[PDB]
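**Q** Pasting a structure below so you can have a look.
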Amino acid sequence: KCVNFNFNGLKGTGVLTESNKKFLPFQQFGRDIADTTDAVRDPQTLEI
Amino acid sequence: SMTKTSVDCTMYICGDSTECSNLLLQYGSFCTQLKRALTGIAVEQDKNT
């Protein structure tokens, strides 16, 4: 769903799709080729 | 010819922000000159074919 975001101060607009790639357990978020945020895990939950 | 492209200033300059587009009106009419230049590139590359 095309919604707004608020993930510990990180804001954006997009939809939610599950990530098939592996992730670090101590990682908060990752970056794309253009160095903006692309995959944010739930603090309260945890699904990358 | 070449691969035709077009750049919109709403998404390239501003990364999903409403207040960035409000301060874009203070810079005037810069982006309609670049839109007309990218259109006339695309007409001339269609004229080359």
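All chain B residue numbers match Swiss-Prot; in order, they span 730-778.
This deposition comes from electron microscopy, 3.7 Å.
Cβ coordinates are placed from backbone N, Cα and C, and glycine is handled just like the others.
The disulfide bond annotation in Swiss-Prot covers B:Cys738-B:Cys760, B:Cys743-B:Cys749.
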**Q** Can you tell which of the disulfide-bonded residues (B:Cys738, B:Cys743, B:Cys749, B:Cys760) has the fewest other C-beta atoms within 10 angstroms of its C-beta?
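**A** If we count Cβ atoms within 10 Å for the disulfide-bonded residues B:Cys738, B:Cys743, B:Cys749, B:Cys760, the smallest count is at B:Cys749.
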**Q** Quick one: Cα separation, B:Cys738 (disulfide bond) versus B:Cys749 (disulfide bond), in Å?
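**A** Here the two Cα atoms lie 10 Å apart.
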**Q** I want to verify one value. Collapsing DSSP to three states, which class is B:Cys743 (disulfide bond)?
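**A** It is coil.
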**Q** Under DSSP, is B:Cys749 (disulfide bond) helix, strand or coil?
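**A** It is helical.
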**Q** Please report how many Å separate the Cα atom of B:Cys743 (disulfide bond) from that of B:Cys760 (disulfide bond), as a whole number.
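**A** Checking the Cα atoms of B:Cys743 (disulfide bond) and B:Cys760 (disulfide bond) gives a distance of 13 Å.
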